[PDB]
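Q: I'm passing along upload03.cif; it holds mmCIF, N, CA and C atoms.
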data_entry
#
loop_
_atom_site.label_atom_id
_atom_site.label_comp_id
_atom_site.auth_asym_id
_atom_site.auth_seq_id
_atom_site.Cartn_x
_atom_site.Cartn_y
_atom_site.Cartn_z
N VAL A 542 0.83 -1.20 0.00
CA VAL A 542 0.00 0.00 0.00
C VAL A 542 0.87 1.26 0.00
N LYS A 543 1.74 1.40 1.00
CA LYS A 543 2.62 2.56 1.06
C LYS A 543 3.65 2.52 -0.07
N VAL A 544 4.23 1.35 -0.31
CA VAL A 544 5.23 1.20 -1.36
C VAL A 544 4.53 1.12 -2.71
N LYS A 545 5.27 1.46 -3.77
CA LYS A 545 4.73 1.45 -5.12
C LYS A 545 5.86 1.10 -6.08
N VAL A 546 5.49 0.69 -7.30
CA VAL A 546 6.47 0.32 -8.32
C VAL A 546 6.19 1.12 -9.58
N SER A 547 7.19 1.86 -10.05
CA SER A 547 7.12 2.57 -11.31
C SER A 547 7.95 1.83 -12.34
N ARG A 548 7.39 1.62 -13.54
CA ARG A 548 8.07 0.82 -14.54
C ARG A 548 9.41 1.43 -14.92
N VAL A 549 9.42 2.73 -15.22
CA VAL A 549 10.64 3.42 -15.63
C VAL A 549 10.74 4.74 -14.87
N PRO A 550 11.33 4.74 -13.68
CA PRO A 550 11.53 5.99 -12.96
C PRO A 550 12.82 6.68 -13.38
N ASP A 551 12.90 7.97 -13.08
CA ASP A 551 14.09 8.76 -13.31
C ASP A 551 14.78 9.00 -11.98
N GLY A 552 16.08 8.70 -11.92
CA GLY A 552 16.83 8.84 -10.69
C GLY A 552 17.26 10.26 -10.42
N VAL A 553 16.30 11.14 -10.17
CA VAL A 553 16.59 12.55 -9.93
C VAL A 553 15.83 13.03 -8.70
N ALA A 554 14.86 12.24 -8.25
CA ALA A 554 14.12 12.56 -7.03
C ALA A 554 14.98 12.27 -5.81
N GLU A 555 14.99 13.20 -4.85
CA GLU A 555 15.89 13.10 -3.71
C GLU A 555 15.14 12.82 -2.41
N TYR A 556 14.35 13.76 -1.91
CA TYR A 556 13.43 13.44 -0.82
C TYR A 556 12.12 14.20 -0.95
N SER A 557 12.17 15.37 -1.58
CA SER A 557 11.08 16.33 -1.49
C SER A 557 10.19 16.34 -2.73
N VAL A 558 10.45 15.46 -3.69
CA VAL A 558 9.57 15.35 -4.83
C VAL A 558 8.17 15.00 -4.36
N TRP A 559 7.17 15.51 -5.06
CA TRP A 559 5.78 15.28 -4.74
C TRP A 559 5.14 14.41 -5.81
N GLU A 560 4.49 13.34 -5.39
CA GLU A 560 3.81 12.43 -6.30
C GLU A 560 2.34 12.81 -6.36
N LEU A 561 1.81 12.88 -7.58
CA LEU A 561 0.38 13.10 -7.77
C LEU A 561 -0.21 11.94 -8.55
N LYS A 562 -1.31 11.40 -8.05
CA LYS A 562 -1.89 10.17 -8.59
C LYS A 562 -3.17 10.53 -9.32
N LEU A 563 -3.23 10.21 -10.61
CA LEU A 563 -4.36 10.54 -11.46
C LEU A 563 -5.08 9.26 -11.88
N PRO A 564 -6.34 9.09 -11.50
CA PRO A 564 -7.13 7.96 -12.00
C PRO A 564 -7.86 8.30 -13.29
N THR A 565 -8.67 7.37 -13.78
CA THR A 565 -9.55 7.65 -14.90
C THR A 565 -10.88 8.20 -14.41
N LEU A 566 -11.75 8.53 -15.37
CA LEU A 566 -13.10 9.06 -15.14
C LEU A 566 -13.12 10.14 -14.06
N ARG A 567 -12.06 10.94 -14.00
CA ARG A 567 -11.92 11.99 -12.99
C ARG A 567 -11.88 13.34 -13.69
N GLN A 568 -12.71 14.27 -13.21
CA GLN A 568 -12.76 15.62 -13.77
C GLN A 568 -11.71 16.46 -13.08
N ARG A 569 -10.54 16.58 -13.71
CA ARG A 569 -9.44 17.35 -13.14
C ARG A 569 -9.82 18.82 -13.05
N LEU A 570 -9.42 19.47 -11.96
CA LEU A 570 -9.89 20.82 -11.63
C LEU A 570 -8.88 21.85 -12.11
N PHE A 571 -9.23 22.58 -13.17
CA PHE A 571 -8.40 23.66 -13.67
C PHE A 571 -8.71 24.94 -12.90
N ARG A 572 -7.80 25.91 -13.02
CA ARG A 572 -7.88 27.04 -12.11
C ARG A 572 -6.96 28.15 -12.60
N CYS A 573 -7.50 29.37 -12.73
CA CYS A 573 -6.78 30.49 -13.33
C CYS A 573 -6.52 31.58 -12.30
N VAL A 574 -5.26 32.02 -12.22
CA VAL A 574 -4.81 33.01 -11.24
C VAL A 574 -5.19 34.40 -11.71
N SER A 575 -5.75 35.22 -10.82
CA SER A 575 -5.94 36.63 -11.12
C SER A 575 -5.18 37.54 -10.17
N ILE A 576 -5.36 37.37 -8.86
CA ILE A 576 -4.83 38.28 -7.85
C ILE A 576 -3.71 37.56 -7.10
N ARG A 577 -2.54 38.18 -7.06
CA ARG A 577 -1.40 37.65 -6.33
C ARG A 577 -0.92 38.69 -5.34
N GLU A 578 -0.69 38.27 -4.10
CA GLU A 578 -0.33 39.19 -3.02
C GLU A 578 0.99 38.77 -2.40
N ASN A 579 1.83 39.76 -2.10
CA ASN A 579 3.10 39.54 -1.44
C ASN A 579 3.04 39.98 0.02
N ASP A 580 4.00 39.50 0.80
CA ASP A 580 4.10 39.88 2.20
C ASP A 580 5.53 39.65 2.67
N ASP A 581 5.90 40.36 3.74
CA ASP A 581 7.26 40.28 4.25
C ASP A 581 7.54 39.00 5.03
N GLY A 582 6.51 38.24 5.37
CA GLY A 582 6.73 36.93 5.94
C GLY A 582 7.20 35.90 4.94
N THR A 583 7.39 36.33 3.69
CA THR A 583 7.88 35.50 2.60
C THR A 583 6.87 34.37 2.32
N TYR A 584 5.72 34.78 1.81
CA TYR A 584 4.79 33.87 1.17
C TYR A 584 3.91 34.68 0.23
N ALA A 585 3.18 33.97 -0.62
CA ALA A 585 2.32 34.59 -1.61
C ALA A 585 0.88 34.21 -1.34
N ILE A 586 -0.03 35.13 -1.64
CA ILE A 586 -1.47 34.88 -1.54
C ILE A 586 -2.02 34.90 -2.95
N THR A 587 -2.59 33.79 -3.40
CA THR A 587 -3.12 33.66 -4.75
C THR A 587 -4.64 33.59 -4.68
N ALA A 588 -5.29 34.49 -5.42
CA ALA A 588 -6.74 34.48 -5.61
C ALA A 588 -7.01 34.09 -7.06
N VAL A 589 -7.84 33.07 -7.25
CA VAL A 589 -7.99 32.40 -8.53
C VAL A 589 -9.44 31.99 -8.73
N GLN A 590 -9.83 31.75 -9.98
CA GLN A 590 -11.18 31.29 -10.29
C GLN A 590 -11.17 29.99 -11.08
N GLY B 133 8.55 42.03 13.10
CA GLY B 133 8.58 42.24 11.67
C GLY B 133 8.83 40.96 10.88
N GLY B 134 9.31 39.93 11.58
CA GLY B 134 9.56 38.67 10.91
C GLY B 134 8.29 38.01 10.41
N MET B 135 7.25 38.01 11.23
CA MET B 135 5.97 37.44 10.84
C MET B 135 5.10 38.51 10.19
N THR B 136 4.11 38.05 9.42
CA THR B 136 3.14 38.93 8.77
C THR B 136 1.75 38.43 9.14
N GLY B 137 1.26 38.87 10.29
CA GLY B 137 -0.07 38.49 10.72
C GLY B 137 -1.14 39.21 9.93
N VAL B 138 -2.39 38.80 10.19
CA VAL B 138 -3.56 39.33 9.49
C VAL B 138 -3.37 39.16 7.99
N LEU B 139 -3.43 37.91 7.52
CA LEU B 139 -3.29 37.64 6.09
C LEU B 139 -4.40 38.30 5.29
N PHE B 140 -5.63 38.25 5.81
CA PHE B 140 -6.77 38.96 5.26
C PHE B 140 -7.06 38.56 3.82
N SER B 141 -7.44 37.30 3.62
CA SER B 141 -7.73 36.79 2.28
C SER B 141 -8.95 37.48 1.69
N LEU B 142 -8.90 37.70 0.38
CA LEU B 142 -9.99 38.33 -0.36
C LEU B 142 -10.52 37.33 -1.38
N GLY B 143 -11.72 36.82 -1.12
CA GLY B 143 -12.37 35.87 -2.00
C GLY B 143 -13.58 36.48 -2.66
N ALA B 144 -14.75 36.24 -2.08
CA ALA B 144 -15.99 36.81 -2.59
C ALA B 144 -16.06 38.32 -2.44
N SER B 145 -15.14 38.92 -1.68
CA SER B 145 -15.14 40.38 -1.53
C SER B 145 -15.02 41.08 -2.87
N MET B 146 -14.41 40.43 -3.86
CA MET B 146 -14.35 40.96 -5.21
C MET B 146 -15.29 40.25 -6.18
N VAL B 147 -15.78 39.06 -5.82
CA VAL B 147 -16.78 38.39 -6.65
C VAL B 147 -18.12 39.09 -6.53
N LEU B 148 -18.37 39.77 -5.41
CA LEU B 148 -19.70 40.27 -5.10
C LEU B 148 -20.24 41.19 -6.18
N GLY B 149 -19.37 41.82 -6.96
CA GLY B 149 -19.84 42.62 -8.08
C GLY B 149 -20.22 41.84 -9.32
N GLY B 150 -19.77 40.60 -9.44
CA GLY B 150 -20.00 39.79 -10.62
C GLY B 150 -18.71 39.08 -11.01
N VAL B 151 -18.87 37.94 -11.68
CA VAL B 151 -17.74 37.09 -12.01
C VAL B 151 -17.13 37.45 -13.36
N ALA B 152 -17.95 37.80 -14.35
CA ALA B 152 -17.41 38.25 -15.62
C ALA B 152 -16.67 39.57 -15.50
N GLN B 153 -16.92 40.33 -14.43
CA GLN B 153 -16.23 41.61 -14.25
C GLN B 153 -14.76 41.41 -13.94
N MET B 154 -14.40 40.29 -13.31
CA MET B 154 -13.00 40.03 -12.98
C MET B 154 -12.25 39.34 -14.11
N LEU B 155 -12.92 39.04 -15.22
CA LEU B 155 -12.26 38.59 -16.44
C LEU B 155 -12.29 39.63 -17.54
N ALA B 156 -13.37 40.41 -17.63
CA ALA B 156 -13.51 41.48 -18.60
C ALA B 156 -13.95 42.74 -17.86
N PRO B 157 -13.39 43.90 -18.19
CA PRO B 157 -13.66 45.12 -17.41
C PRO B 157 -14.98 45.82 -17.74
N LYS B 158 -15.90 45.17 -18.46
CA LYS B 158 -17.21 45.75 -18.78
C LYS B 158 -17.09 47.00 -19.65
N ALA B 159 -18.22 47.59 -20.02
CA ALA B 159 -18.26 48.76 -20.87
C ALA B 159 -19.17 49.81 -20.25
N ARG B 160 -18.96 51.06 -20.65
CA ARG B 160 -19.68 52.19 -20.08
C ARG B 160 -20.80 52.61 -21.02
N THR B 161 -22.04 52.49 -20.56
CA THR B 161 -23.19 52.94 -21.31
C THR B 161 -23.31 54.46 -21.21
N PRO B 162 -23.82 55.11 -22.26
CA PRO B 162 -24.01 56.56 -22.21
C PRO B 162 -25.19 56.93 -21.31
N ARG B 163 -25.29 58.22 -21.04
CA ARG B 163 -26.37 58.76 -20.23
C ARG B 163 -27.59 58.97 -21.12
N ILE B 164 -28.77 58.65 -20.61
CA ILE B 164 -29.99 58.77 -21.38
C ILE B 164 -30.59 60.15 -21.17
N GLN B 165 -30.97 60.81 -22.26
CA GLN B 165 -31.64 62.10 -22.20
C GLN B 165 -33.15 61.92 -22.39
N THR B 166 -33.88 63.03 -22.25
CA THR B 166 -35.32 63.05 -22.43
C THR B 166 -35.73 63.71 -23.74
N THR B 167 -35.15 64.87 -24.05
CA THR B 167 -35.43 65.53 -25.32
C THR B 167 -34.92 64.73 -26.51
N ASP B 168 -33.99 63.80 -26.28
CA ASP B 168 -33.49 62.91 -27.32
C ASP B 168 -34.51 61.81 -27.63
N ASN B 169 -35.54 61.67 -26.79
CA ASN B 169 -36.57 60.64 -26.90
C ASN B 169 -35.99 59.25 -26.64
N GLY B 170 -35.83 58.46 -27.69
CA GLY B 170 -35.39 57.09 -27.50
C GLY B 170 -34.22 56.69 -28.38
N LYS B 171 -33.56 57.66 -28.99
CA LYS B 171 -32.40 57.38 -29.83
C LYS B 171 -31.19 57.19 -28.93
N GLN B 172 -30.84 55.93 -28.68
CA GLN B 172 -29.76 55.59 -27.74
C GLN B 172 -28.42 55.64 -28.47
N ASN B 173 -27.87 56.85 -28.55
CA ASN B 173 -26.57 57.03 -29.20
C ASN B 173 -25.46 56.44 -28.34
N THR B 174 -24.45 55.88 -29.00
CA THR B 174 -23.28 55.30 -28.35
C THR B 174 -22.09 56.25 -28.49
N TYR B 175 -20.91 55.80 -28.06
CA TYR B 175 -19.70 56.62 -28.11
C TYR B 175 -18.86 56.40 -29.35
N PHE B 176 -19.33 55.65 -30.34
CA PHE B 176 -18.53 55.47 -31.55
C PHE B 176 -19.34 55.71 -32.81
N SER B 177 -20.34 56.59 -32.75
CA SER B 177 -21.12 56.93 -33.92
C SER B 177 -21.51 58.40 -33.87
N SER B 178 -21.51 59.05 -35.04
CA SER B 178 -21.95 60.44 -35.14
C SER B 178 -22.34 60.69 -36.58
N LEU B 179 -23.64 60.87 -36.83
CA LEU B 179 -24.17 61.06 -38.17
C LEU B 179 -24.62 62.50 -38.40
N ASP B 180 -24.11 63.44 -37.62
CA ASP B 180 -24.48 64.84 -37.77
C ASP B 180 -23.25 65.72 -37.67
N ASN B 181 -23.36 66.92 -38.23
CA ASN B 181 -22.26 67.87 -38.18
C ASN B 181 -22.16 68.49 -36.79
N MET B 182 -20.95 68.51 -36.25
CA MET B 182 -20.69 69.06 -34.93
C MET B 182 -19.97 70.40 -35.07
N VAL B 183 -19.73 71.04 -33.94
CA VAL B 183 -19.07 72.34 -33.91
C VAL B 183 -17.70 72.20 -33.28
N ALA B 184 -16.68 72.71 -33.97
CA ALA B 184 -15.29 72.57 -33.54
C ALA B 184 -14.82 73.80 -32.78
N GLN B 185 -15.44 74.04 -31.63
CA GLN B 185 -15.03 75.13 -30.74
C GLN B 185 -14.49 74.52 -29.45
N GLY B 186 -13.18 74.64 -29.24
CA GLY B 186 -12.58 74.15 -28.01
C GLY B 186 -12.84 72.69 -27.74
N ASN B 187 -13.02 71.90 -28.79
CA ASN B 187 -13.32 70.49 -28.68
C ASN B 187 -12.14 69.68 -29.22
N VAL B 188 -12.29 68.36 -29.21
CA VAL B 188 -11.23 67.45 -29.64
C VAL B 188 -11.55 66.98 -31.05
N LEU B 189 -10.51 66.64 -31.79
CA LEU B 189 -10.69 66.19 -33.16
C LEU B 189 -10.90 64.68 -33.16
N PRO B 190 -12.03 64.19 -33.66
CA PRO B 190 -12.32 62.75 -33.57
C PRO B 190 -11.41 61.94 -34.47
N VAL B 191 -11.28 60.65 -34.15
CA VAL B 191 -10.50 59.71 -34.95
C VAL B 191 -11.43 58.64 -35.50
N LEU B 192 -11.00 58.02 -36.60
CA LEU B 192 -11.76 56.97 -37.26
C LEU B 192 -10.86 55.75 -37.46
N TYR B 193 -11.43 54.56 -37.31
CA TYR B 193 -10.64 53.33 -37.37
C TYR B 193 -11.04 52.37 -38.48
N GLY B 194 -12.31 52.30 -38.87
CA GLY B 194 -12.66 51.48 -40.01
C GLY B 194 -14.08 51.62 -40.49
N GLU B 195 -14.24 51.87 -41.79
CA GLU B 195 -15.54 51.94 -42.46
C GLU B 195 -16.43 52.95 -41.73
N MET B 196 -17.74 52.67 -41.66
CA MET B 196 -18.67 53.36 -40.77
C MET B 196 -18.72 54.87 -41.04
N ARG B 197 -19.36 55.19 -42.16
CA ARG B 197 -19.66 56.57 -42.54
C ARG B 197 -20.04 57.42 -41.34
N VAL B 198 -19.40 58.59 -41.24
CA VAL B 198 -19.55 59.48 -40.10
C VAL B 198 -19.81 60.90 -40.58
N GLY B 199 -20.21 61.75 -39.64
CA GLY B 199 -20.35 63.17 -39.88
C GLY B 199 -19.01 63.86 -39.85
N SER B 200 -18.95 65.04 -39.24
CA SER B 200 -17.71 65.82 -39.20
C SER B 200 -17.84 66.91 -38.16
N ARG B 201 -16.85 67.79 -38.10
CA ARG B 201 -16.90 69.02 -37.32
C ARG B 201 -16.69 70.19 -38.27
N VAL B 202 -17.70 71.05 -38.39
CA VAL B 202 -17.65 72.12 -39.37
C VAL B 202 -16.65 73.18 -38.93
N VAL B 203 -15.75 73.55 -39.83
CA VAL B 203 -14.75 74.57 -39.55
C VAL B 203 -15.03 75.88 -40.27
N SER B 204 -15.58 75.85 -41.48
CA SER B 204 -15.90 77.08 -42.20
C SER B 204 -17.07 76.85 -43.13
N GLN B 205 -18.10 77.68 -43.01
CA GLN B 205 -19.28 77.63 -43.87
C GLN B 205 -19.54 79.03 -44.40
N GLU B 206 -19.70 79.14 -45.72
CA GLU B 206 -19.81 80.44 -46.36
C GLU B 206 -20.58 80.29 -47.67
N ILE B 207 -21.37 81.30 -48.00
CA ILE B 207 -22.13 81.34 -49.24
C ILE B 207 -21.72 82.57 -50.03
N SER B 208 -21.40 82.38 -51.31
CA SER B 208 -21.06 83.47 -52.21
C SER B 208 -21.88 83.33 -53.48
N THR B 209 -21.73 84.31 -54.37
CA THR B 209 -22.40 84.25 -55.66
C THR B 209 -21.66 83.29 -56.59
N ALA B 210 -22.40 82.35 -57.17
CA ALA B 210 -21.80 81.36 -58.06
C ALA B 210 -21.42 82.01 -59.38
N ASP B 211 -20.13 82.27 -59.58
CA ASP B 211 -19.68 82.85 -60.84
C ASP B 211 -19.77 81.82 -61.96
N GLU B 212 -19.90 82.32 -63.19
CA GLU B 212 -19.99 81.44 -64.35
C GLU B 212 -18.58 81.06 -64.79
N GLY B 213 -18.31 79.76 -64.86
CA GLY B 213 -17.01 79.28 -65.29
C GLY B 213 -16.87 77.78 -65.21
N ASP B 214 -16.25 77.19 -66.22
CA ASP B 214 -15.95 75.76 -66.25
C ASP B 214 -14.46 75.56 -66.55
N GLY B 215 -14.08 74.29 -66.70
CA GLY B 215 -12.71 73.96 -67.05
C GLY B 215 -12.47 74.07 -68.54
N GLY B 216 -12.57 75.28 -69.07
CA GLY B 216 -12.42 75.50 -70.50
C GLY B 216 -12.86 76.90 -70.88
N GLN B 217 -13.27 77.04 -72.14
CA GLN B 217 -13.70 78.32 -72.68
C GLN B 217 -15.18 78.36 -73.02
N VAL B 218 -15.87 77.21 -73.00
CA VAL B 218 -17.28 77.14 -73.35
C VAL B 218 -18.07 77.73 -72.18
N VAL B 219 -18.57 78.95 -72.36
CA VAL B 219 -19.21 79.70 -71.29
C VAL B 219 -20.58 80.22 -71.74
N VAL B 220 -21.25 79.47 -72.61
CA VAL B 220 -22.52 79.93 -73.14
C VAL B 220 -23.56 80.03 -72.03
N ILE B 221 -24.23 81.18 -71.96
CA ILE B 221 -25.35 81.38 -71.04
C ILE B 221 -26.66 81.61 -71.76
N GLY B 222 -26.74 81.32 -73.06
CA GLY B 222 -27.97 81.50 -73.80
C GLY B 222 -29.04 80.49 -73.45
#
Can the structure from this file be put into C-alpha cells for me?
A:
Amino acid sequence: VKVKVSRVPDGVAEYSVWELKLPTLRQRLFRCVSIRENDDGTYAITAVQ
Amino acid sequence: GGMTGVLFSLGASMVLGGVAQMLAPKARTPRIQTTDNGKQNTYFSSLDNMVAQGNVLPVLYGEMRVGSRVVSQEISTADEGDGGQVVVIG
C-alpha cells in the first residue's frame, strides 16, 4: 500500500519530490490566477477562479 | 517584523460585483436624455455635423460613414465658369 512500483523511474528525485496520482473518469480541476499578493513573511497569496 | 499576521484573504469580496467583471472590465453605457426621446446614441457613432469650438478632433478606425466638425461655412455668388472656354449662357 505505502510502497509502489514505477516501470521506468528517473533517478533525480531526492526526498522532497511530490507524487500526484491521477485515475480515470476523474474531472481534473483547472484554475486560473488573477490576484497575487506579497508579504514580508515570505509567502504569496493567490486568488484564482 | 519577521511574521506577517492578518493575512486577510480576499475571496468573494471581489466576486460580489460579478464574475465576468474580474475577467472582462465591462463597458460604459451613455447617459440617457429626455429631449433625445429614445435614440440611444453610443460613443462610436456620429451622423451629424458638430461644432469645432474648443473640442477634440475625432478619430476613425474602419468603415462606418460618419459626420464631421464644421470649420468654415460660407455662401457666395456662383460665378460662371468651367474647365475650358465654353461659357454659353444663352
Q: Expanded to explicit residues, what is the PyMOL selection byres ((chain A and name CA) within 12 of (chain B and name CA)) for this file, as an MDAnalysis selection string?
A: chainID A and resid 573:590
Q: Tell me, in Å to one decimal, how far atom N of residue 169 in chain B is from atom N of residue 181 in chain B.
A: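 It comes out at 17.5 Å.
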Q: What is the distance between CA of residue 148 in chain B and atom C of residue 570 in chain A, in Å to one decimal?
A: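 One can read the CA of residue 148 in chain B to atom C of residue 570 in chain A distance as 22.5 Å.
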Q: So how many Å separate atom N of residue 149 in chain B and atom C of residue 572 in chain A, to one decimal?
A: 19.3 Å
Q: Could you tell me which residues the PyMOL selection byres (((chain B and resi 184-189 and name CA) around 12) and name CA) returns for this structure, as number ranges by chain?
A: B: 181-183, 190-192, 200-204
Q: Once DSSP has gone over the backbone, tell me which residues of chain B are in helix (DSSP H, G or I), as a PyMOL selection string.
A: chain B and resi 144-147+152-154
Q: Show me, as a PyMOL selection string, the residues that have an atom within 6.5 Å of residue 197 in chain B when counting all atoms listed in the file, minus same-chain residues fewer than 2 positions from it.
A: chain B and resi 178-179+195+199
Q: Could you work out an axis-aligned bounding box for all listed atoms of range 566-581 of chain A, with 5 Å added on each of the six sides, and give its centre and edge lengths in Å to one decimal, as AutoDock Vina command-line options?
A:
--center_x -2.8 --center_y 24.4 --center_z -5.2 --size_x 30.7 --size_y 41.8 --size_z 30.4
Q: Taking only chain B into account, list the residues labelled strand (DSSP E or B) by DSSP (computed from the backbone), as a PyMOL selection string.
A: chain B and resi 181-183+200-202
